[PDB]
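FYI the Cβ positions are ideal-geometry reconstructions off the backbone, even for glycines, and counts take in every protein chain you see. FYI, it's all coordinate maths here, none of it is from the lab.
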Amino acid sequence: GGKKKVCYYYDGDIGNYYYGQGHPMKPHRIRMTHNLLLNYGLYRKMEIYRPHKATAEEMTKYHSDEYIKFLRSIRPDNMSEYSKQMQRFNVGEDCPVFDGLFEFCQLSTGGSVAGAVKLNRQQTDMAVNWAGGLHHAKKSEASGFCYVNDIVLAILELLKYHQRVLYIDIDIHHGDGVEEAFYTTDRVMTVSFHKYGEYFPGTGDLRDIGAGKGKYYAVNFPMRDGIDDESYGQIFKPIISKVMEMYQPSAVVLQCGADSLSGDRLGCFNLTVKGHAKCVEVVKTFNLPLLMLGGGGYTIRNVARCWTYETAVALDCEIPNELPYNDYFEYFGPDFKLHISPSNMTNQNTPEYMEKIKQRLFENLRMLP
Ligand SMILES: C[C@H](CCCCC(=O)NO)Nc1c(Nc2ccc(OC(F)(F)F)cc2)c(=O)c1=O
Ligand SMILES: [Ca+2]
Ligand code: NA
Ligand SMILES: [Zn+2]
């Protein structure tokens, strides 16, 4: 029990990577998070590391050599010469070409793999990489603003020392990239809670339960618009508890995508920072080596609030609602508070729907030996 050792990864350059004018993915939110938690004084309670830049040698442990060579070569000045390669790898539109794309992928991946190495070495209880959690990237493809799947790479590192690794994804979108990589193995159980029905990426049906050796090791909780803290918490704690009891993993990876928060530019959920962070508190109570990662989140003031509070939660540190002064203070107007209020949006997930989906998952969890 009690307070635990926390290692946090951050590179001072991460906030300078720009996806382009009008693009919702803003790496600057990672800097906003870092600045906000330094101003709360949370650096006193944790070890801050600079990630290494993950190499091609590291990336090719999962990704194809051809895809990684392309990512390492593509620049906005040579796009015309790589036209075929761009369409094949899904680069240029949703996943645009930008200055320092590869470096950005290296730093994002570096923090996740370094966190996994630290946990494997038993030198920390928790590792945090807010620049990670890029769950959509595939063996040979970019998708949903994700080029390199840092989660898969970090999980592969944990598998060197851990027989069973549990993956939890509280981003509003299905973590299809992670699920795909470990679909046919029982050495990784993937658990995703996401909006489902005519929504990106279009995967993550209740009936998608894994295949072969991995059958019953892929868990999906499909949800509708406007889920609140009360509905989410009532299903999250029982599902994770049953997963912990049945699967008994030795390490956990928690993807904390903040696009499941109320008011998100691309999200349809109605969670508050408190409701989102209760997921961290739940997972932390199991006392297993834990890797906390980023993901989506497009109302960057709420991403900074979310991930600052989730770091404070990892540290068992009570932080006041009144925000301290920081370099992005004006972003947190008009209230300048850490916590957010839900909107008036209708919760399309009834309590009966929530209970029925939970019961269906419980039947699948009983199939585990
Ligand atoms: C459907 C796909 C969903 C990606 C979710 C990834 C995630 O959170 N993973 O958990 N992509 C989308 C947009 N893309 C978009 C791209 C560029 C852009 O700006 C532009 F380039 F157009 F100027 C505006 C929107 C949207 O806007 C939007 O939605
Ligand atoms: Ca999810
Ligand atoms: Na699996
Ligand atoms: Zn997302």
(message) Name the single residue that is farthest from ligand 4 (Cβ to nearest atom) among those in region 129-148 being charged (D, E, K, R) and farther than 15 Å from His174 by Cα.
(response) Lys139
(request) Of the conditions (1) within 14 Å of ligand 3 (Cβ to nearest atom); (2) under 30 Å from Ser73 (Cβ atoms), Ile168 clears all except one; give me its number. (result) (2)
(message) Checking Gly294 against (1) within 16 Å of ligand 1 (Cβ to nearest atom); (2) in contact with a helix residue (DSSP H, G or I) (Cβ under 6 Å, 6 or more places away or on another chain): exactly one of these is not met. Which one?
(response) (2)
(request) List the helices (runs of 4 or more DSSP H) that sit entirely inside region 56-132 and contain at least 2 residues that are more than 26 Å from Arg164 (Cα to Cα). (result) 65-73, 83-89, 101-120
(message) Looking at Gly144, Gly132 in this structure, which one is under 20 Å from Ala56 (Cα atoms) and touching a residue at least 40 places away in the same chain (Cβ under 8 Å)?
(response) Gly132
(request) Any chance you could count how many residues in region 199-228 are of a type in the set (A, V, I, L, M), farther than 26 Å from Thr346 by Cβ and assigned to a loop (DSSP other than H, G, I, E, B)? (result) 2
(request) Considering only region 155-172, state which residues are surrounded by 20 or more Cβ atoms within 10 Å (Cβ to Cβ) and either β-branched (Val, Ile, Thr) or closer than 22 Å to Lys237 by Cβ (or both). (result) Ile155, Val165, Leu166, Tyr167, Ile168, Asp169, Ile170, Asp171, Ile172
(request) Report yes if some residue within region 334-354 is part of a loop (DSSP other than H, G, I, E, B), within 16 Å of ligand 4 (Cβ to nearest atom) and not hydroxyl-bearing (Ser, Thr, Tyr); otherwise report no. (result) no
(request) May I ask you to verify whether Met189 is away from ligand 4 (no atom under 15 Å from the Cβ), surrounded by 24 or more Cβ atoms within 10 Å (Cβ to Cβ), touching a residue at least 40 places away in the same chain (Cβ under 8 Å) and of a type outside the set (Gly, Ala, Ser)? (result) yes
(message) Just the residues that are more than 16 Å from ligand 1 (Cβ to nearest atom), among the β-branched types (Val, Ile, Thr) and farther than 17 Å from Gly111 by Cβ, please, taken from region 140-174.
(response) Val165
(request) Identify, from the list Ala114, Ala131, the residue that is of a type in the set (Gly, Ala, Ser) and surrounded by 24 or more Cβ atoms within 10 Å (Cβ to Cβ). (result) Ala131
(request) May I ask you to list the residues in region 204-226 that are surrounded by 19 or more Cβ atoms within 10 Å (Cβ to Cβ) and within 16 Å of ligand 1 (Cβ to nearest atom)? (result) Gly204, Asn220, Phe221, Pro222, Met223
(message) Condition first: closer than 10 Å to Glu179 by Cβ and either of a type in the set (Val, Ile, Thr) or within 16 Å of ligand 4 (Cβ to nearest atom) (or both). Now tell me which residues in region 210-224 satisfy that.
(response) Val219, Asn220
(request) Evaluate region 241-255: report whether one residue or more is closer than 24 Å to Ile340 by Cβ, of a type in the set (S, T, N, Q) and touching a residue at least 60 places away in the same chain (Cβ under 8 Å). (result) yes
(request) Inspect all residues belonging to region 272-281 and state whether any of them is surrounded by fewer than 24 Cβ atoms within 10 Å (Cβ to Cβ), without any contact (Cβ under 8 Å) to a residue 40 or more places away in the chain and farther than 26 Å from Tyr196 by Cα. (result) no
(request) Quick one: count up the residues across region 239-287 that are more than 16 Å from ligand 1 (Cβ to nearest atom) and either of a type in the set (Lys, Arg) or part of a loop (DSSP other than H, G, I, E, B) (or both). (result) 12
(message) Considering only residues that are within 14 Å of ligand 4 (Cβ to nearest atom), hydrophobic (A, V, I, L, M, F, W, C) and part of a loop (DSSP other than H, G, I, E, B), which ones fall in region 164-182?
(response) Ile170, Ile172
(request) For region 192-203, enumerate the residues that are within 12 Å of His136 (Cα to Cα) and without any contact (Cβ under 8 Å) to a residue 40 or more places away in the chain. (result) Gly202, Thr203
(request) Taking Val243 as the residue in question, decide whether it is buried (at least 23 other Cβ atoms within 10 Å of the Cβ) and either within 16 Å of ligand 3 (Cβ to nearest atom) or of a type in the set (D, E, K, R) (or both). (result) no
(request) Looking at (1) under 21 Å from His136 (Cβ atoms); (2) of a type outside the set (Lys, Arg); (3) in contact (Cβ under 8 Å) with a residue 60 or more places away in the chain, find the lone condition where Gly214 falls short. (result) (3)
